[PDB]
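Undergrad: First, the structure itself, so that you have it in front of you.
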Amino acid sequence: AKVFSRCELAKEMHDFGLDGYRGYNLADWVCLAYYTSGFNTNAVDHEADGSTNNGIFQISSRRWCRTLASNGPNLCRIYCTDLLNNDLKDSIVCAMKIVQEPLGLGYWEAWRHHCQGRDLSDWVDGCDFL
Numbered sequence: 000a001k002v003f004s005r006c007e008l009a010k011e012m013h014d015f016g017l018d019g020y021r022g023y024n025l026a027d028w029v030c031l032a033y034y035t036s037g038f039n040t041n042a043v044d045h046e047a048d049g050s051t052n053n054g055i056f057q058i059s060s061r062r063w064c065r066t067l068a069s070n071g072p073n074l075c076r077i078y079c080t081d082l083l084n085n086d087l088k089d090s091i092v093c094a095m096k097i098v099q100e101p102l103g104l105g106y107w108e109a110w111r112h113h114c115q116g117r118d119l120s121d122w123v124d125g126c127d128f129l
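Residue numbering for the sequence shown is 0 to 129, as defined by the deposited numbering.
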């Protein structure tokens, strides 16, 4: 239902206060979204164990959100399908809870494999709102 451009997404995330949150800057978050969902707020990925990864940050039904038949701790206290909204707020809130765990953004494979260990300033370069 919505695919953000890079700077549009950066602007929304800046509005949500993610620049510097838990020591990660805006670029970290933009890079994460790109490599998890390609900036698609409606993305769903179905893993081999049948769990789902959901929304802009590809949040997992095994731990963080609730689906039926795949019961779990549902730590964000939210149906998975509610993380598929055009409005980012619930995905943001849930990602914030995830990054409070010891790994931070290292919890995402996509971030470890494409964003960590790299200069990411490119991801926010040229952005009008800044």
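A virtual CB, placed ideally from N, CA and C, is assigned to each residue, including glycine.
According to DSSP, is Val92 part of a helix, a strand, or is it coil?
TA: Note: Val92 maps to helix in three-state DSSP.
Undergrad: Using the Cα positions of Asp27 and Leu8, report the straight-line distance between them to the nearest angstrom.
TA: 12 Å
Undergrad: May I ask you to report which of helix, strand or coil DSSP gives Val123?
TA: In the structure shown, the three-state DSSP call for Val123 is coil.
Undergrad: What is the residue span of the alpha helix (DSSP H) that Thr35 lies within?
TA: Per DSSP, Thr35 belongs to the alpha helix (DSSP H) from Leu25 to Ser36.
Undergrad: Taking 8 Å as the threshold (C-beta atoms), are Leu83 and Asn24 in contact?
TA: The answer is no: Cβ separation not under 8 Å.
Undergrad: Hey, would you say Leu31 sits closer than 8 Å to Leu129, going by beta carbons?
TA: no
Undergrad: Can you pull the DSSP bridge partners for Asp44?
TA: In the DSSP output, where bridge partners are listed per residue, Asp44 has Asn52.
Undergrad: For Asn53, count the other beta carbons within 10 Å of its own beta carbon; 16 or more makes it buried, fewer makes it exposed. Which is it?
TA: buried
Undergrad: Under 8 Å by Cβ, that's how I've got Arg62 and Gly71 pegged, so tell me the actual separation to the nearest angstrom.
TA: 6 Å
Undergrad: Using the rule of at least 16 other Cβ atoms within 10 Å of the residue's Cβ for burial, across every protein chain shown, is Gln99 buried or exposed?
TA: exposed
Undergrad: Sorted by chain position, which residues of the same chain lie with C-beta nearer than 8 Å to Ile58's C-beta, five sequence neighbours on each side aside?
TA: Answer for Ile58: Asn52, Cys64, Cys75, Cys79, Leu82, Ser90, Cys93, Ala94 and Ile97, listed in chain order.
Undergrad: Between the alpha carbons of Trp122 and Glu108, how many angstroms are there, rounded?
TA: 18 Å
Undergrad: Is DSSP giving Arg111 helix, strand or coil here?
TA: Per DSSP, reduced to three states, the secondary structure at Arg111 is helical.
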